[PDB]
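Written below as structure tokens is the structure these notes are about.
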Amino acid sequence: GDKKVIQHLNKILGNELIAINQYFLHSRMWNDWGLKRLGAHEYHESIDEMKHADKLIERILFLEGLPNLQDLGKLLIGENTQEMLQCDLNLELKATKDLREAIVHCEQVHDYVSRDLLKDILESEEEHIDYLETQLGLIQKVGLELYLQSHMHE
Amino acid sequence: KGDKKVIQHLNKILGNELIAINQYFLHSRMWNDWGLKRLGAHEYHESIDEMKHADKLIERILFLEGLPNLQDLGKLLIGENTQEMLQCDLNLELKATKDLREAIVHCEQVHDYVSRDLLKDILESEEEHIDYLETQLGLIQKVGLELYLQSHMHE
Amino acid sequence: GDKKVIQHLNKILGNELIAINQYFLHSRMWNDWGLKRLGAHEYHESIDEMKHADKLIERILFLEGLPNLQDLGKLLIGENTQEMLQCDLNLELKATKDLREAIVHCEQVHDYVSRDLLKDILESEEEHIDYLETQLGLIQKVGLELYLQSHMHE
Amino acid sequence: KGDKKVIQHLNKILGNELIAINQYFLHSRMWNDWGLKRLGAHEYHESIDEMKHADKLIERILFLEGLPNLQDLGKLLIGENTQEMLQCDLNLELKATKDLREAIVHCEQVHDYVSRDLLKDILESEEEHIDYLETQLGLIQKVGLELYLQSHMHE
Amino acid sequence: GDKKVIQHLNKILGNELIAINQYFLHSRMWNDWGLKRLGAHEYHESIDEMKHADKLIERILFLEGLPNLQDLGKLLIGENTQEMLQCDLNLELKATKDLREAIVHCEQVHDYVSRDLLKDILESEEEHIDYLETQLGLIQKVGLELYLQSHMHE
Amino acid sequence: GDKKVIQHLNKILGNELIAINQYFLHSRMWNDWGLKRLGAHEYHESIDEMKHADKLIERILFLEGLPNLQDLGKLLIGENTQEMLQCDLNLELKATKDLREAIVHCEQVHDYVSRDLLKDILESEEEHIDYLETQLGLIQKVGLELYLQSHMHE
Amino acid sequence: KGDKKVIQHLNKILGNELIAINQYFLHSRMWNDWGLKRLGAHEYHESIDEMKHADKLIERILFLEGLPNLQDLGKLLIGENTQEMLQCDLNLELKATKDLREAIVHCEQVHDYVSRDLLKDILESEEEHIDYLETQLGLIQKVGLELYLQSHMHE
Ligand code: HEM
Ligand code: HEM
Ligand code: HEM
Ligand code: HEM
Ligand SMILES: [K+]
Ligand SMILES: [K+]
């Protein structure tokens, strides 16, 4: 296994671990506030990052690397709905930047299978960006209070 | 063979349908992009409905030994926000129904009653779309834009 | 969204829009002639291009570009079965050349998700080339009239 | 009670249907005799369809208090091979659709919109038969007679 | 919500976050080595701790505290099966010690619902200790190689 | 059809044809010895290579090349379980090296569909490497005799 | 355990199966590439049948404590067109049946009746393939090449 591939994979893994915890707390904060539709959607975002982390961990071990679950970077926790969505978007913008750099290196050393894995993750993070920009746009179009009312009931 | 002006009329209606297919499809995907899923879904079905009308016109023209024209695409009326998109669709349908009425007058004149019947059914369907569009613009007036948009976020 | 990526996506979208109308007209001409197997197969080629156009429109909008459904290029309409098939093949060869150029650029600017979308379109257009070259070969092997007889009934 | 000329027109269309019923039924059984079962089955359903139009005309005539004429049977156009039988069918239908258009014109003139509608349904059906006939004749040109016949041996 | 209760709950939550990652890595390590029965059981232990973390997080927010998902303590990662089992046991002995001290304080300030939450977690951690002590005892009774062989197949 | 792409595809095909026979004979040798679990797994590995060979043959023909099913290279046949596993691994390490070289060339000439096929085969061969290294690892962890015993029954 | 010449005969028959597997698989995929899908599907099943024969020989060789030979691959008889591919298959089957008869003779001689019974089963399957092949070549003679090909386009 290419040593820099493993470093890149461990970097993506670290990003997934931030997102898991950030989205899970954001989910439970929205549930606490009675914004149950946002809570449920954000729960699922968290679960999806868990599954990516699993796939990264499996690949690192196959390549005889050591998965790093010890290092947890900075959680971006907002204190209201609009900040929380922006915090999620900031984290995903960093995530996709790291994914593209990892893919470049995989291509260079011909680790095409690792590249394929990261690209699938990358498509999933861009779908999350799509959702997030759409939510932030809806807040601008209908206003904050109507956006929140629309996410009360599941 | 077909009456030459009937075939010209049929190709004109076909050209209108081809505009509407593309206009509604883009508007539909714009509304999905914005997270206005109820509008996106409804507008997708309007696009499909115009595709089916275009199919029937193509089939009729070929039966009449005419040449269907799928090459000349007229001007799409693409709006930049929900209220503009609805008015753009409405303007397109007012032109559409005017052309359908003139086509029906000519078919009647030359006794092409089957083409007339085809066009009358397309006409009823475009008037149903006009009903929808006038109702949507009327609702924007009665409840306001933001509430109208909120009501179209969720399918 | 990268500016040339959006231009390439709009170019492929333009090719899809030509194919949709070309295949649809070819389909209904074959039905008009009583060659129902050709008409049905060609109808499904048109539908398949409609679904590719849809995905391209969606990706362009996500990248904050403007989908161009206004410019309709030159339809290659044949006068008989053999010309219709060759017209379809001419269109597909142009289409795949454009797809390869779009993929090269996506790879260059690290738009791997757009690359993946175009590669899936590309595989579908190569399957259509396989079908078309096979049909033209059968016309040579069994002759035109037997080929047409084999396509009267669905 | 009904308009005198409308009833005359309806009886004329009825007479055209009575010819087609008998012509198509004989052509069907001839194709079956020859082992061209696909043609024989299709032609059988053409005959049945004309029977149904005949019934609807009879019922309308009786409602309008006219006398349906089933006694006068015009000239059957019988072919002696497949290409002739198809062209004979096509010649009959070209005459039938001409008569249908003239009847619709007169129904419209005297405001018998229900009779016009019945005739317009028949006309659409006969244009569909014309579509079929012209396509078959076109196929004989495109693939040749013997292959055309072969394609019509099995149902 | 009582301030020291929230501190205790956040301490127990911190123990759960360690256990999640430790058990998840050990599970994927066992799968990597072909010890699928151990890998499957350890995966389930990880999921169980995830669910406890969820309930802790919900309770903290109901009590108007701030759940801490940022501070990840030291993972005890073994290098072979016998060490991994011992690391899990060491972790659970620390977890139940902290659980007991959290329950003492809840009782003292009459937060009987938090006490009940913690007692349910405690029973599940004591079930895990029963499992661990039993596995270590089986290594002693049958030997390490038979123990491993018995955990190859699910 | 690019000429060196075809040569690369025929080279990968040649590797598949070796693996088909090597794995089939290994399967039947394990069945003859009563190591039925190994026999079944190796039969499925052989069938998987048969399917990759079919896809490669179909692609070569579409690209108007001549599939070469006449040149069969050297089968690596072991005479006990541990040698047969190592023979399979040696063959797959050679296979994956050739696959990466074929992908490099396909990327160079913009044959992205062929690259995508070859990348799917590579993922499957890396899964086989994972299986093979895991088996060799188990033999070291539990011993050869326990490993063989665990593979008597399906 | 097994007679040494029996094992040589079984390895020879196995070598013939390995040629047929590859030859029929390639011919199958050639016919699919050409759109002759009925021939491609039939030829595929012939390849799979030879694969199963090869498996039974391998198993019998190992039971007899022989070494199955999957390394030596003889000459594939690949044709350039349908007529040649069919004849290439037939030429391979005439050599295969000749070798099967010689193997059966030797099995009978040394009282390896279970090996004879295996080879006899394979022989019957190879004669069914000869029956198929001679029938196809005869049909090409009776209806003409192009009609034979047309009959094998659709599955
Ligand atoms: C921008 C151009 C177009 C787009 C994006 C588009 C898109 C689509 C889509 C997504 C479908 C559904 C396919 C499926 O999921 O099965 C569809 C169906 C269909 N399209 Fe189009 N289309 C376009 C143009 C046309 C045109 C120009 C015609 C005919 C002249 C046409 C005729 C049809 C028909 C007949 C159907 C089947 C409708 C039904 O019965 O459900 N389309 N189209
Ligand atoms: C005034 C002339 C005729 C009229 C109004 C008439 C009317 C009808 C009608 C309404 C049906 C039932 C159709 C359905 O609902 O599917 C029918 C069936 C049929 N007709 Fe006629 N018909 C006429 C003459 C003939 C003639 C001249 C023949 C043969 C030479 C014929 C042969 C048949 C046959 C075989 C059936 C199907 C009966 C069964 O097996 O159920 N008809 N007809
Ligand atoms: C704050 C830390 C975490 C929390 C609160 C959490 C929470 C949860 C919850 C509540 C579930 C649903 C369990 C059920 O009831 O079925 C779940 C599932 C799961 N978790 Fe976590 N989790 C965390 C971290 C992780 C990590 C770090 C990983 C892997 C590296 C992970 C991997 C998984 C997987 C693979 C599933 C099953 C997903 C599926 O296939 O549906 N989790 N988690
Ligand atoms: C020693 C040579 C080979 C042997 C003994 C062998 C044996 C077998 C057997 C026993 C089966 C299962 C058949 C059944 O029970 O239905 C099979 C399936 C198959 N074989 Fe082979 N085979 C060989 C070589 C090949 C080659 C060279 C190819 C293609 C290039 C091939 C292509 C296939 C395919 C496509 C299947 C079906 C796989 C599926 O979809 O399940 N085989 N083979
Ligand atoms: K509201
Ligand atoms: K024929």
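Neighbour counts are summed over all protein chains in view; Cβ atoms, including those assigned to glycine, are modelled from backbone coordinates with ideal geometry. A short reminder: the numbers here are calculations on the coordinates, not readings from a lab.
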Return only the number of the condition from (1) within 14 Å of chain B (Cβ to nearest Cβ); (2) part of a helix (DSSP H, G or I); (3) over 25 Å from C:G65 (Cα atoms) that A:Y131 does not satisfy. (3)
Would a scan of segment A:130-137 turn up a residue that is surrounded by 16 or more Cβ atoms within 10 Å (Cβ to Cβ), at negative phi and under 11 Å from the mean Cα position of the chain (by Cα)? no
Can you tell me which of D:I61, D:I122 is among the β-branched types (V, I, T) and either touching a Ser or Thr at 6+ places or on another chain (Cβ under 7 Å) or under 30 Å from D:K37 (Cβ atoms) (or both)? D:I122
Which residue out of D:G74, D:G35, D:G2 is under 22 Å from D:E146 (Cβ atoms), more than 12 Å from ligand 2 (Cβ to nearest atom) and of a type outside the set (S, T, N, Q)? D:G35
Which of the residues belonging to segment F:101-113 are more than 18 Å from the chain's Cα centre (by Cα) and either within 13 Å of F:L63 (Cβ to Cβ) or assigned to a helix (DSSP H, G or I) (or both)? F:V104, F:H105, F:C106, F:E107, F:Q108, F:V109, F:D111, F:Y112, F:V113
Against the condition surrounded by fewer than 19 Cβ atoms within 10 Å (Cβ to Cβ), within 13 Å of another protein chain (Cβ to nearest Cβ) and either in contact with a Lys or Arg (Cβ under 6 Å, 6 or more places away or on another chain) or free of Cβ contacts under 8 Å to residues at least 60 places away in the same chain (or both), how does E:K51 come out, does it pass? yes
Helices (runs of 4 or more DSSP H) wholly in segment B:1-109 with at least 2 residues that are in contact with a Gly (Cβ under 7 Å, 6 or more places away or on another chain) - which ones? B:4-33, B:82-109
G:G74: more than 12 Å from chain F (Cβ to nearest Cβ), surrounded by fewer than 19 Cβ atoms within 10 Å (Cβ to Cβ) and away from ligand 3 (no atom under 16 Å from the Cβ), yes or no? no
Just checking, how many residues over segment E:1-29 are at the interface with chain A (Cβ under 10 Å from one of its Cβ atoms) and closer than 18 Å to E:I121 by Cα? 5
Within segment B:125-155, how many residues are within 14 Å of chain A (Cβ to nearest Cβ), part of a helix (DSSP H, G or I) and surrounded by fewer than 16 Cβ atoms within 10 Å (Cβ to Cβ)? 4
Picked from segment G:13-42 (must be more than 14 Å from chain C (Cβ to nearest Cβ) and of a type in the set (F, W, Y)), the residue surrounded by the fewest Cβ atoms within 10 Å (Cβ to Cβ) is G:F25
Any pair with Cβ under 9 angstrom, 6 or more apart, that starts in segment B:141-155 at a residue that is of a type in the set (D, E) and ends at one that is more than 16 Å from ligand 4 (Cβ to nearest atom): B:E146/A:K141; B:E146/A:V142; B:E146/A:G143; B:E146/A:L146; B:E155/B:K37; B:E155/B:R38; B:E155/B:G40; B:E155/B:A41
Candidate set from segment F:138-154 (those that are at negative phi and within 9 Å of another protein chain (Cβ to nearest Cβ)); member that is surrounded by the fewest Cβ atoms within 10 Å (Cβ to Cβ): F:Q149
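Rundown of residues vs (1) in a helix (DSSP H, G or I); (2) at the interface with chain A (Cβ under 8 Å from one of its Cβ atoms); (3) buried (at least 23 other Cβ atoms within 10 Å of the Cβ), yes/no style:
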| residue | (1), (2), (3) |
| --- | --- |
| E:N31 | yes, yes, no |
| E:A40 | yes, no, no |
| E:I47 | yes, no, no |
| E:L56 | yes, no, yes |
Applying the selection to segment C:59-81, what residues are of a type in the set (S, T, N, Q) and more than 7 Å from every other protein chain (Cβ to nearest Cβ)? C:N68, C:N80, C:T81
Pick out the one residue from A:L13, A:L38 that is of a type in the set (A, V, I, L, M, F, W, C), within 18 Å of E:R28 (Cα to Cα) and away from ligand 2 (no atom under 16 Å from the Cβ). A:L13
What's the number of the condition D:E50 fails, among (1) acidic (D, E); (2) without any contact (Cβ under 8 Å) to a residue 24 or more places away in the chain; (3) within 13 Å of ligand 2 (Cβ to nearest atom)? (2)
